[PDB]
Amino acid sequence: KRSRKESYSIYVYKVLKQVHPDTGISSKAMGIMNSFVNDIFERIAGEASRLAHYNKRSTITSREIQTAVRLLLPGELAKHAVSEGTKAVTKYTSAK
DNA sequence: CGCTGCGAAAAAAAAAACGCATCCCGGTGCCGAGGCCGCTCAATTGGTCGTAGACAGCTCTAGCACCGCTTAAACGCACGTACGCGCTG
């Protein structure tokens, strides 16, 4: 048929339907959301990595992703992202 | 005479007429979203190994107080000049 290009578009849909259940999203914009995710992936991973290296750690922990997010994101956005991030970690650990 | 009243006359200014552009209404029609079909490869399980990082301390650096001598800046005020600021043609 054709090779398989991955995305984030299905995970954007799910989050869109959670947030505005009566709303669609044009291809062109779904692109722009994809780009966005990808951009803010590379940025948090990047700074995460730099943090690890700078401190001689070979392991990127949640602790790095957290500090990455505190450096990249502005005050309010950071707080929440730190909160939604910590929440997710706790609820994953406790599930096993 | 002065006052005044009026009658312009002069703008103001208003109003209103015109005509133009921006909105919105309601029925077309087209295409891409959104939703199914299979299906395939990437995530999960579970479980083995070995080493990154947590800790418990051991060292000696280097960063924080205190302390007067000695200046070179700071504060500051007064006087005056060059510049910033605004109006017009």
# chains A, B, ... in the order shown; residues from 1 in each chain; ligands from 1
$ interface_residues --of "chain A" --to "chain B" --cutoff "12 Å" --atoms "only C-alpha atoms (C1' of nucleotides)" --output "ChimeraX atom specification"
/A:1,3-4,6,10,13,23-28,30,55-61
$ residues_around --residues "segment 33-39 of chain A" --least-positions-apart "3" --cutoff "8 Å" --atoms "only C-alpha atoms (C1' of nucleotides)" --output "PyMOL selection string"
chain A and resi 7-9+12+29-30+42-43
$ select_by_dssp --residues "chain A" --states "alpha helix (DSSP H)" --output "PyMOL selection string"
chain A and resi 9-19+27-55+62-72+75-95
$ atom_distance --atom1 "atom CA of residue 80 of chain A" --atom2 "atom CA of residue 62 of chain A"
15.4 Å
$ residues_around --residues "residue 45 of chain A" --least-positions-apart "5" --cutoff "10 Å" --atoms "only C-alpha atoms (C1' of nucleotides)" --output "PyMOL selection string"
chain A and resi 40+50-51+60+64-65+68-69
